[PDB]
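J.: This is the structure I want to talk about, given as structure tokens.
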Amino acid sequence: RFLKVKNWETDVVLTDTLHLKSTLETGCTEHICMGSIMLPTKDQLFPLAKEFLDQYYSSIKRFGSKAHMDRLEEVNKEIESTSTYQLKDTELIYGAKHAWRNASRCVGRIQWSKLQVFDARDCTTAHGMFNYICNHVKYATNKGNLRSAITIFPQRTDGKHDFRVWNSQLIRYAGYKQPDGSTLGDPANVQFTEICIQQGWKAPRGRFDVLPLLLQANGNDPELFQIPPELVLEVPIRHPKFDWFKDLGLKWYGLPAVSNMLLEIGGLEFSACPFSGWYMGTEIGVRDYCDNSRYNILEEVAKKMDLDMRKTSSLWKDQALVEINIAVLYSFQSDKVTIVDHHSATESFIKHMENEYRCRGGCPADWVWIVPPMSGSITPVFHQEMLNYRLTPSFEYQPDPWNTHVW
Amino acid sequence: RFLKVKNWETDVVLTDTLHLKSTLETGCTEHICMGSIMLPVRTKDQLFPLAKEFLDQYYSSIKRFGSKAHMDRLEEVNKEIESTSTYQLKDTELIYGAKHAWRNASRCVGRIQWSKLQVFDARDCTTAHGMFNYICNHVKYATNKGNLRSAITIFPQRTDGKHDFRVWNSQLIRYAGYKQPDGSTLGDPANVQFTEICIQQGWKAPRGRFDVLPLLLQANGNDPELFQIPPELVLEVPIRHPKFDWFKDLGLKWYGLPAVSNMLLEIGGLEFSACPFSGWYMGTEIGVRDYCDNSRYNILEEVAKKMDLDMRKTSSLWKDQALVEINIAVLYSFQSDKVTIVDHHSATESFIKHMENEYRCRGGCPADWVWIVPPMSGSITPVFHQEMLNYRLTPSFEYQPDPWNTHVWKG
Ligand code: HEM
Ligand code: HEM
Ligand SMILES: C[C@H](O)[C@H](O)[C@H]1CNc2nc(N)[nH]c(=O)c2N1
Ligand SMILES: C[C@H](O)[C@H](O)[C@H]1CNc2nc(N)[nH]c(=O)c2N1
Ligand SMILES: CSCCCC(=N)NCCC[C@H](N)C(=O)O
Ligand SMILES: CSCCCC(=N)NCCC[C@H](N)C(=O)O
Ligand SMILES: [Zn+2]
């Protein structure tokens, strides 16, 4: 019931007590671990509101004070007559910071308390949504010196007046299925891209076409918008030693801004809540570029390095993978766009774990996601046992809007 | 209850029904996943169901479920248990058991080979010398001059827990570790503690970087005894690189035969506390973990110095760069010397095929993603993208405590 985690590289041992405050369910049982699966009323709202407000007032060292009790009554009265309630700005901000603090799949959490929260609960239309998004993109981009931010649209009511950003990220490249059979651009966005065309997007049909925004306010049908291009910072990808690298014609965007998740604070559901940080280099260089089902560039790159691709055992895939990731990091650095390499980010996360163990009694973390997708065992997180559990406030996955929205 | 697993690269969905036959616990609860935690004398009472289950399984595999021969063997095991408090496995059952423990080993990427396993029955063994002789034969048979063959040697089962056979070594062949007064380590830091015990038991340590450890063998609950494996039976491979002529001057070698000797084999409720088994290496075991772990040989710094990488900023990926060249060297060396080895691309591709076959023919393949995904280049191997279900089937290989922690010394 009190639990220990061991780092097998350093013998450091931490005791987890935070997991007992755990709430939601994991997918695992005592018979079966589901650790590697990607996706495993008024009467209901009040405990959830209480639980959240209890932790809020404890964090500002005002637990069981008049001001605590008063808020608890006030929120109860609001639920009884309105069926929902509204968060104070202070609670909104605390909730968002903590949803990030609790994201067990996020390696970047050492940063959790430096989060700029933009309160868009007064938003009513898609145009409004678009204005809030550009301002987010611009604020967060900051001419390359990226700053974490989240923009929070109004909460769910009856589930028929939902706010949603249909894109999976604010900024992503298009994907087109071709007559030849293969895919041009980003195969991960093929279906979303079709929807844009269907809604009227004039697609350029290139390899790196920044997608338009598809925004849904108050459960209305969604509308298309083009982010001003002067707002979309991109990095052409070159290599510090290989002059020929430029001719592969690779670029990526500087701002990763996940836009399809649901933020749950104190039982309330914010279905549109795009947030952004900055990239760890492997996200682009390993995953986006080398996933077989993404840009899948290993074959082309290895060809240019004149490696022996006859047998898997020459580790040609591995050699190329390294240089691709050297080139991503080098390019971002040379253009002064914030980026972090996987050594430095995992090292920071180990320091963060220690801090959370020491100040909070633990830190939920999903080893499967924390360990980078290259050079795993040479990063310290590989050797670190982690306990995964589900704390609230949280970010959660939610069904894609098109499978659900009624036109 | 059917369970689905998806490969996010191919969109192949599989359906697990096998997990329904699982008994043992995971360490996970509905509230906590312990999927990354490394380590999460029986009664007559508890033993017959365990026997029955196993024999029900054995007899189904041979298409003789419910046969007279099946019933008679149940009644015979039943009687033997009441009369003697334990029972003996027939040869066939032991072979089937050992193969299934491998088949059930959720952390093993090499399981496509599970049906080709040479089983050496060492249940007639009574002394440490007897153990040494069995072990020597296992090593020579498995090595087979570089054309490695899987094998396991099975020493007598636990009786009252006071008469255990144990191999105190963690692998049959492994290099000494030596902690120096100045705090550095010579040789493999992973074996310092076992090395000290050896020294204390009377081993004369050569005190070099790659000294093959002596075998430390416990028979019948007696104190263990030391034995040098004949060096002519220890196949080793000097490590060189196909293009970097300086690589050899690092002085690295490794042994060809990986043979885990510290695990416990459970079959039909019976506990075989000494059951060394061997396969062959996947390249990364040596070139990533054994050479490049900070708590192992830790050669990344020295290799990157010789390649002249930018070592001032971690974002040069100097570590990743050296890591690949080291692994190229390991594979090159083994292949050039004709010692079986498998790269992590080919081994993981094989596992995916095995796993798919196992779903079609068995209703599942329990698998531990944390261990199956290789320690370098994870996502460019198909297993990274494969959803897995981990659960515990018997027969099985279990962890057991280190014997120097439990052993009652006789003197
Ligand atoms: C500041 C720098 C940040 C870094 C370096 C970082 C890093 C990462 C990485 C590498 C992942 C795995 C994502 C993937 O492989 O697709 C991840 C996931 C995640 N991050 Fe962070 N992140 C940062 C900021 C943030 C912020 C500001 C938030 C929320 C306010 C956040 C919340 C999350 C969540 C919820 C996930 C899991 C999302 C999913 O399941 O796809 N991150 N992060
Ligand atoms: C034939 C070639 C084989 C290959 C390439 C192979 C590969 C591997 C690898 C890479 C691991 C993880 C090892 C580590 O990281 O320390 C492993 C674990 C394991 N293997 Fe296999 N293996 C093979 C044969 C066998 C055999 C013959 C057995 C038993 C009959 C076996 C049983 C196991 C078990 C029980 C584990 C988990 C051990 C632990 O938790 O420390 N393997 N295998
Ligand atoms: C099947 C497996 O869970 C899946 O591939 C996961 C593994 N780890 C991951 N880790 C990160 N950071 N991102 C991912 O998309 C994934 N995919
Ligand atoms: C903490 C973590 O579980 C531990 O480092 C594991 C991770 N994955 C592993 N995978 C393999 N194959 N072998 C190992 O020793 C480990 N170590
Ligand atoms: C906004 S999410 C965390 C913030 C910054 C980040 N680095 N992670 C985003 C996931 C991006 C995805 N892996 C990609 O490679 O585009
Ligand atoms: C005998 S166990 C499986 C058979 C062979 C194997 N490949 N795995 C053994 C573990 C070896 C360990 N990783 C090492 O680096 O020595
Ligand atoms: Zn689990």
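Chain labels follow the order of the structure tokens: the first chain is A, the next B, and so on; residue numbering restarts at 1 in every chain, and ligands are counted from 1 in their shown order.
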Please identify which residues in range 78-268 of chain B DSSP calls alpha helix (DSSP H) from the backbone, and express them as a count of residues only.
T.: 46
J.: Hey, what's within 12 Å of residue 332 in chain B if we count only C-alpha atoms and toss same-chain stuff fewer than 5 positions away? As a PyMOL selection string, please?
T.: (chain A and resi 311-315) or (chain B and resi 237-244+247+283+287+325-327+337-343)
J.: Using only C-alpha atoms and all ligand atoms, which protein or nucleic acid residues are at most 10 Å from ligand 5, as a VMD selection string?
T.: chain A and resid 100 103 105 to 109 148 to 150 168 to 173 252 to 261 274 to 289 339 to 340
J.: Would you list, as a list in words, the residues of range 92-167 of chain A that end up in strand (DSSP E or B) under DSSP run on this structure's backbone?
T.: residues 116, 117, 118, 119, 149, 150, 151, 152, 164 and 165 of chain A
J.: How far is it from CA of residue 152 in chain A to atom 6 (C, counted along the ligand's line) of ligand 3, in Å with one decimal?
T.: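 One can read the CA of residue 152 in chain A to atom 6 (C, counted along the ligand's line) of ligand 3 distance as 27.3 Å.
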J.: For range 155-166 of chain A, work out the shell of residues within 6 Å, counting only C-alpha atoms and skipping chain neighbours fewer than 6 positions away, then give it as number ranges by chain.
T.: A: 214-219, 269-272
J.: Between A:364, A:373, A:249, A:128, single out the one closest to ligand 1, counting only C-alpha atoms and all ligand atoms.
T.: A:373
J.: Work out how far apart CA of residue 133 in chain A and CA of residue 115 in chain A are and give it in Å to one decimal.
T.: 16.0 Å
J.: Using only C-alpha atoms and a distance of at most 6 Å, pull out the residues of chain B that contact chain A, as a list in words.
T.: residues 9, 25, 26, 28, 29, 30, 31, 32, 33, 34, 35, 36, 37, 295, 315, 343, 375, 376, 377, 378, 379, 387, 388, 389, 390 and 391 of chain B
J.: Give one line per residue of chain B that approaches ligand 4 to at most 12 Å, naming the two atoms of the closest pair and their distance in Å to one decimal, counting only C-alpha atoms and all ligand atoms; sort by chain then ascending residue number and deliver it as JSON lines.
T.:
{"residue": "B:34", "atom": "CA", "partner": "ligand 4", "partner_atom_place_in_ligand_line": "3 (O)", "distance": 9.2}
{"residue": "B:35", "atom": "CA", "partner": "ligand 4", "partner_atom_place_in_ligand_line": "3 (O)", "distance": 7.6}
{"residue": "B:36", "atom": "CA", "partner": "ligand 4", "partner_atom_place_in_ligand_line": "3 (O)", "distance": 4.1}
{"residue": "B:37", "atom": "CA", "partner": "ligand 4", "partner_atom_place_in_ligand_line": "3 (O)", "distance": 5.1}
{"residue": "B:38", "atom": "CA", "partner": "ligand 4", "partner_atom_place_in_ligand_line": "3 (O)", "distance": 4.7}
{"residue": "B:39", "atom": "CA", "partner": "ligand 4", "partner_atom_place_in_ligand_line": "3 (O)", "distance": 8.5}
{"residue": "B:40", "atom": "CA", "partner": "ligand 4", "partner_atom_place_in_ligand_line": "3 (O)", "distance": 10.2}
{"residue": "B:106", "atom": "CA", "partner": "ligand 4", "partner_atom_place_in_ligand_line": "12 (N)", "distance": 10.8}
{"residue": "B:107", "atom": "CA", "partner": "ligand 4", "partner_atom_place_in_ligand_line": "12 (N)", "distance": 7.0}
{"residue": "B:108", "atom": "CA", "partner": "ligand 4", "partner_atom_place_in_ligand_line": "12 (N)", "distance": 7.8}
{"residue": "B:109", "atom": "CA", "partner": "ligand 4", "partner_atom_place_in_ligand_line": "12 (N)", "distance": 8.4}
{"residue": "B:110", "atom": "CA", "partner": "ligand 4", "partner_atom_place_in_ligand_line": "12 (N)", "distance": 11.1}
{"residue": "B:190", "atom": "CA", "partner": "ligand 4", "partner_atom_place_in_ligand_line": "15 (O)", "distance": 11.8}
{"residue": "B:281", "atom": "CA", "partner": "ligand 4", "partner_atom_place_in_ligand_line": "12 (N)", "distance": 11.7}
{"residue": "B:282", "atom": "CA", "partner": "ligand 4", "partner_atom_place_in_ligand_line": "12 (N)", "distance": 10.2}
{"residue": "B:283", "atom": "CA", "partner": "ligand 4", "partner_atom_place_in_ligand_line": "12 (N)", "distance": 11.8}
{"residue": "B:284", "atom": "CA", "partner": "ligand 4", "partner_atom_place_in_ligand_line": "12 (N)", "distance": 9.3}
{"residue": "B:285", "atom": "CA", "partner": "ligand 4", "partner_atom_place_in_ligand_line": "12 (N)", "distance": 7.7}
{"residue": "B:286", "atom": "CA", "partner": "ligand 4", "partner_atom_place_in_ligand_line": "12 (N)", "distance": 11.3}
{"residue": "B:288", "atom": "CA", "partner": "ligand 4", "partner_atom_place_in_ligand_line": "13 (N)", "distance": 10.6}
{"residue": "B:289", "atom": "CA", "partner": "ligand 4", "partner_atom_place_in_ligand_line": "15 (O)", "distance": 8.0}
{"residue": "B:290", "atom": "CA", "partner": "ligand 4", "partner_atom_place_in_ligand_line": "15 (O)", "distance": 10.1}
{"residue": "B:293", "atom": "CA", "partner": "ligand 4", "partner_atom_place_in_ligand_line": "15 (O)", "distance": 10.3}
{"residue": "B:295", "atom": "CA", "partner": "ligand 4", "partner_atom_place_in_ligand_line": "5 (O)", "distance": 11.7}
{"residue": "B:296", "atom": "CA", "partner": "ligand 4", "partner_atom_place_in_ligand_line": "15 (O)", "distance": 11.9}
{"residue": "B:344", "atom": "CA", "partner": "ligand 4", "partner_atom_place_in_ligand_line": "12 (N)", "distance": 11.3}
{"residue": "B:367", "atom": "CA", "partner": "ligand 4", "partner_atom_place_in_ligand_line": "12 (N)", "distance": 11.7}
{"residue": "B:368", "atom": "CA", "partner": "ligand 4", "partner_atom_place_in_ligand_line": "10 (N)", "distance": 8.9}
{"residue": "B:369", "atom": "CA", "partner": "ligand 4", "partner_atom_place_in_ligand_line": "8 (N)", "distance": 8.3}
{"residue": "B:370", "atom": "CA", "partner": "ligand 4", "partner_atom_place_in_ligand_line": "8 (N)", "distance": 4.9}
{"residue": "B:371", "atom": "CA", "partner": "ligand 4", "partner_atom_place_in_ligand_line": "10 (N)", "distance": 3.5}
{"residue": "B:372", "atom": "CA", "partner": "ligand 4", "partner_atom_place_in_ligand_line": "12 (N)", "distance": 6.0}
{"residue": "B:373", "atom": "CA", "partner": "ligand 4", "partner_atom_place_in_ligand_line": "10 (N)", "distance": 7.1}
{"residue": "B:374", "atom": "CA", "partner": "ligand 4", "partner_atom_place_in_ligand_line": "12 (N)", "distance": 6.6}
{"residue": "B:375", "atom": "CA", "partner": "ligand 4", "partner_atom_place_in_ligand_line": "10 (N)", "distance": 6.9}
{"residue": "B:376", "atom": "CA", "partner": "ligand 4", "partner_atom_place_in_ligand_line": "10 (N)", "distance": 10.6}
{"residue": "B:378", "atom": "CA", "partner": "ligand 4", "partner_atom_place_in_ligand_line": "10 (N)", "distance": 11.2}
